[PDB]
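Before any comments, here is the structure.
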Amino acid sequence: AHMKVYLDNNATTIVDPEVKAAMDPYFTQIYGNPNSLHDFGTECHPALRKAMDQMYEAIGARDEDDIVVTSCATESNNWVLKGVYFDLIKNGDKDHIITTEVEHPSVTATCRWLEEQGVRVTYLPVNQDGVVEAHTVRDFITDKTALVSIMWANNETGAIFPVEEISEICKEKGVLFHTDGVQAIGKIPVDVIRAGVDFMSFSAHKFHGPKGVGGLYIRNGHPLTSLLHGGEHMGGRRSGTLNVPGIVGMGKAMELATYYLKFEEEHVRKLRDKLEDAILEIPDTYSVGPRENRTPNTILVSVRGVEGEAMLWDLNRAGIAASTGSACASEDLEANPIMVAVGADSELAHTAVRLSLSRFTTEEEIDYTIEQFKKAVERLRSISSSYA
Amino acid sequence: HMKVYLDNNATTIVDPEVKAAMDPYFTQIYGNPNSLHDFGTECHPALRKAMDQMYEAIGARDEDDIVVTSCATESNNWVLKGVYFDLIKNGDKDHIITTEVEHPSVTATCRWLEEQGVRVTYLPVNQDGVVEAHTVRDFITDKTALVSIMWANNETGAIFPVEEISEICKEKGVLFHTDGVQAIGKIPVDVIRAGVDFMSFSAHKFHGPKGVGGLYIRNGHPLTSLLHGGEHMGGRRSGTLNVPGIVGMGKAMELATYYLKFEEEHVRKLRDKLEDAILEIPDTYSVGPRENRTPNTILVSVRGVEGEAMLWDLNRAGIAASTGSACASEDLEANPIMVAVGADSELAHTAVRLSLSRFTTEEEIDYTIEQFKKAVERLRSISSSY
């Protein structure tokens, strides 16, 4: 019983061979610095131009808007948070930031440090459906709220946040809106104008691009104090020599993601649903989050008798790669036991198994995963005296 | 006609061995190193070997820290803004010492810190194109938080007396940061012998890939993170690891120290040949002393001709070079010389910078000499007083 199957795609994804082939020339064949004037440096300019065009088209940004290439979505989140702190809080009349308990550590830890800098932060807890609603954030915005930072889709549950309604509420109060959209690219339609966001973070290696390159979308070239100062790279907004292969591969990967989105909604969703229905056939199993508001590739299943980490280890011993997710117990409206999303720092949190597919997952992999999941659940429930 | 790359101080070609070492970690080995499953851990031995190569190449110790950044610009921003946050915003300091010839990642960061109330003295540079240790010793106060001086200059190739400055800085109990991007692969780098507390470096300057850099920290000295989040790099710099970048950076750093220990004579002889041949042209001046210059750099000022026009005419001939700011002066014998100067000076004129690498051939140098002579004669016939 061993077959290597990758179902941890929400953590990182395989680089599409087409993306790697598009990147290949820009290490040894085309290596000049793009900021130089000689032909060696300018040779890569059309590739960067095409890649930036691909990025603009893939998220539906406009020409007035800016897309600054960062090294990772962590850089983009740190940049947005610390820049709005510097612009509107340290050198402004604001002191409040609204966010969620389910953000990536690049957002939460940055907010904790900003709290160490005197910034007021309300970490909005998440509802039963695993999302934050727009009327709640509307209730929490004051005349000193500087920024609302809410992820587009959650990386543990795959639940999609109502980004457009939150944007409407933010526009009424005249407060900036940043979204961590890493989990959106390649899994849900991304239109940064319909979403009404002022800032968007994204990371290439979550949609089959290379590691080490990310991006930040800014609406209308909105002023934001640079996190990296120096030369006039990226319009003087982020200095440092351009990651030419990273940019080329990121553009190619984003184009491929927008093309494969319909594959991901039809076939990948069929495979995710197959795996999830088969897993839910096991007694005392609960899928976290409603599927009708979930990204098509994510499952977060809580097993009642088994512990999550032992389940992950037993799966990896069978060659299946998965991850963890925080969940807590609750009831529905019919008073039925369900598992709901919760912040990892809660004391009511237990670890559930997260299985995340990609456009490369096969039905053979899904059948094998079903069989091994049943085997491991049976095995770990067979060794306990407390399970009934 | 021959295309020739002599702009290695700006960026370098990825060594085919480095790219081959990187190749598996895009599609064959793609797991996240922070994951617990076998897919993520598959790349762990490669990361371990790469970090060991990085530690060995600069002579860091096991107590020391080497944090992988995205670029040397990130490392400089991190060091400057972090020491500002630790010892200035929440401390009793307000002074930072640097030079007028630092990289923009240092100069613009210091200008922003000046916009934050920090006193900065951009130390002027001497005739030899360097800053001496007694000057900074004279400029340290009891509120100076950090001294940031580049290890070697990217326009002139002049090497800074990092060890003497480190001694004087230790006497005053002030931290020492160096931008060592121009040091790796061209001069011996021992961060314990150099006495530095922080070092920035960038892989694509010693034949590594673009998009990956590093910051050296002495004895794990506390330094507030520029990128917060998860506990990547020991909790000092969050963000998913650039696995191919790290592997290739380690390979490139090992290869750089190897070609420094043996193949330094070849690159230095080619630089000497090119410089002697160019200086055979009347009224040409090589900026900076050769005996204090990196083995790969020449910065030549041509009289009557402008540096940018010379660069352009060279590029039409397929030769890639860059510019460097220099100003006119005299030596002690009152002889005409061109000396290093900040780019923002009003007495600065642009000289041509030619920087070789371990991949430069002597045929390239012969072609470059011929075309340089041709271009000098061609542009002097149409320009200024010649």
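Naming works like this for the structure tokens: A, B, ... for the chains as they're shown, residue 1 at the start of each chain, ligands 1 onward in shown order.
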Distance-based interface of chain A with chain B, 8 Å, counting only C-alpha atoms, as an MDAnalysis selection string: chainID A and resid 6 11:17 20 27:28 31:33 36:40 71:75 78 104:110 210:213 228:231 239:246 312:313 316 319:323
Residues within 9 Å of residue 255 (chain B), only C-alpha atoms, excluding chain neighbours under 3 positions, as a PyMOL selection string: chain B and resi 15+18+185+206-207+250-252+258-260
Keeping N, CA and C atoms for every residue in the selection just given, could you write it to a file as a JSON list (two decimals), in the first residue's frame?
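Contents of part_33.json, freshly written:
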[["chain", "number", "residue", "atom", "x", "y", "z"],
["B", 15, "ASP", "N", 25.66, 30.09, -13.88],
["B", 15, "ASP", "CA", 26.53, 28.97, -14.24],
["B", 15, "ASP", "C", 25.69, 27.76, -14.63],
["B", 18, "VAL", "N", 25.02, 25.56, -11.88],
["B", 18, "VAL", "CA", 24.05, 26.09, -10.93],
["B", 18, "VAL", "C", 22.62, 25.84, -11.42],
["B", 185, "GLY", "N", 33.09, 36.25, -4.59],
["B", 185, "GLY", "CA", 33.64, 35.78, -5.85],
["B", 185, "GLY", "C", 34.78, 36.59, -6.40],
["B", 206, "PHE", "N", 27.37, 36.57, -8.38],
["B", 206, "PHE", "CA", 28.37, 35.52, -8.51],
["B", 206, "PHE", "C", 27.76, 34.29, -9.19],
["B", 207, "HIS", "N", 27.09, 34.53, -10.31],
["B", 207, "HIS", "CA", 26.61, 33.48, -11.21],
["B", 207, "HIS", "C", 25.50, 32.63, -10.59],
["B", 250, "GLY", "N", 23.58, 28.37, -3.13],
["B", 250, "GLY", "CA", 24.64, 27.61, -2.48],
["B", 250, "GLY", "C", 25.65, 27.08, -3.47],
["B", 251, "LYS", "N", 25.17, 26.49, -4.57],
["B", 251, "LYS", "CA", 26.08, 25.99, -5.60],
["B", 251, "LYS", "C", 26.94, 27.11, -6.17],
["B", 252, "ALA", "N", 26.34, 28.26, -6.45],
["B", 252, "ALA", "CA", 27.07, 29.37, -7.04],
["B", 252, "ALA", "C", 28.10, 29.93, -6.06],
["B", 258, "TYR", "N", 35.61, 28.63, -5.10],
["B", 258, "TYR", "CA", 36.57, 27.76, -5.77],
["B", 258, "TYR", "C", 37.34, 28.50, -6.86],
["B", 259, "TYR", "N", 36.62, 29.24, -7.71],
["B", 259, "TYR", "CA", 37.29, 29.97, -8.78],
["B", 259, "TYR", "C", 38.06, 31.16, -8.24],
["B", 260, "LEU", "N", 37.71, 31.64, -7.04],
["B", 260, "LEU", "CA", 38.51, 32.66, -6.39],
["B", 260, "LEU", "C", 39.84, 32.08, -5.91]]
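For residue 168 (chain B), the residues within 12 Å (counting only C-alpha atoms, excluding itself and residues fewer than 5 positions away along the chain) are residues 132, 133, 134, 135, 136, 137, 138, 139, 140, 147, 161, 162, 163, 173, 174, 175, 176, 194, 195 and 196 of chain B.
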How would the residues just picked look written out with N, CA and C atoms as a tab-separated table (two decimals), in the first residue's frame?
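This went into again-v3.tsv:
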chain	number	residue	atom	x	y	z
B	132	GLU	N	38.16	55.85	4.83
B	132	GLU	CA	39.14	55.38	5.79
B	132	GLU	C	38.51	55.22	7.18
B	133	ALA	N	39.18	54.44	8.03
B	133	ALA	CA	38.60	54.07	9.32
B	133	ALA	C	38.70	55.20	10.35
B	134	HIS	N	39.74	56.03	10.26
B	134	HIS	CA	39.87	57.13	11.22
B	134	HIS	C	38.78	58.17	11.03
B	135	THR	N	38.30	58.34	9.79
B	135	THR	CA	37.22	59.28	9.54
B	135	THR	C	35.95	58.87	10.26
B	136	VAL	N	35.52	57.61	10.07
B	136	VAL	CA	34.33	57.14	10.77
B	136	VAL	C	34.56	57.17	12.28
B	137	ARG	N	35.77	56.82	12.73
B	137	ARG	CA	36.07	56.95	14.16
B	137	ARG	C	35.82	58.37	14.65
B	138	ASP	N	36.22	59.37	13.86
B	138	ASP	CA	35.95	60.76	14.21
B	138	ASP	C	34.46	61.09	14.15
B	139	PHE	N	33.69	60.37	13.33
B	139	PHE	CA	32.29	60.70	13.12
B	139	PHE	C	31.32	59.94	14.03
B	140	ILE	N	31.78	58.94	14.78
B	140	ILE	CA	30.90	58.25	15.72
B	140	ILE	C	30.65	59.12	16.94
B	147	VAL	N	26.90	51.74	11.66
B	147	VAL	CA	27.79	52.14	10.57
B	147	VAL	C	27.58	51.16	9.42
B	161	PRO	N	38.48	49.05	3.58
B	161	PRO	CA	39.21	48.42	4.71
B	161	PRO	C	38.25	47.98	5.81
B	162	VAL	N	37.55	46.88	5.54
B	162	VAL	CA	36.44	46.46	6.38
B	162	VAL	C	36.91	46.05	7.77
B	163	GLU	N	38.09	45.42	7.86
B	163	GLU	CA	38.57	44.94	9.16
B	163	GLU	C	38.95	46.08	10.09
B	173	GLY	N	31.58	50.34	20.42
B	173	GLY	CA	30.39	49.56	20.70
B	173	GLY	C	29.23	49.92	19.79
B	174	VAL	N	29.50	49.98	18.48
B	174	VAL	CA	28.49	50.30	17.48
B	174	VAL	C	28.47	49.17	16.45
B	175	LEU	N	27.27	48.81	16.00
B	175	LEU	CA	27.13	47.72	15.06
B	175	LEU	C	27.67	48.11	13.69
B	176	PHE	N	28.14	47.12	12.95
B	176	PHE	CA	28.77	47.32	11.65
B	176	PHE	C	28.06	46.46	10.62
B	194	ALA	N	36.65	39.91	8.98
B	194	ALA	CA	36.19	41.24	8.65
B	194	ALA	C	35.52	41.94	9.83
B	195	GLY	N	35.15	41.20	10.87
B	195	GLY	CA	34.59	41.80	12.07
B	195	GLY	C	33.25	42.47	11.90
B	196	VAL	N	32.51	42.14	10.84
B	196	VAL	CA	31.22	42.77	10.58
B	196	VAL	C	30.14	42.11	11.42
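Summary of the local environment: counting only C-alpha atoms, residues at most 7 Å from region 270-283 of chain B, other than itself and those fewer than 3 positions away along its chain, are residues 266, 267, 295, 296, 298, 302, 303, 362, 365 and 369 of chain B.
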For CA of residue 79 (chain A) and CA of residue 226 (chain A), quote the distance in Å rounded to one decimal. 7.2 Å
Would you mind writing down, as an MDAnalysis selection string, each residue of region 260-315 of chain A that DSSP on the backbone assigns to strand (DSSP E or B)? chainID A and resid 285:287 294 298:303
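Taking CA of residue 155 (chain A) and CA of residue 236 (chain B) as the two end points, the separation is 23.1 Å.
For residue 63 (chain A), the set of protein, DNA and RNA residues having any atom at most 10 Å away, when counting only C-alpha atoms and skipping those fewer than 4 positions along the same chain, is residues 53, 56, 57, 67, 219, 220 and 221 of chain A.
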When DSSP is applied to the backbone of this structure, which of region 20-261 of chain B are assigned helix (DSSP H, G or I)? Write them out as a PyMOL selection string. chain B and resi 20-22+24-27+38-41+44-57+72-89+104-115+133-139+162-172+203-205+218-220+232-235+243-261
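Those residues that approach residue 126 (chain A) to within 9 Å, counting only C-alpha atoms, are residues 100, 101, 102, 131, 132, 133, 341, 342 and 343 of chain A; same-chain residues fewer than 5 positions away are not listed.
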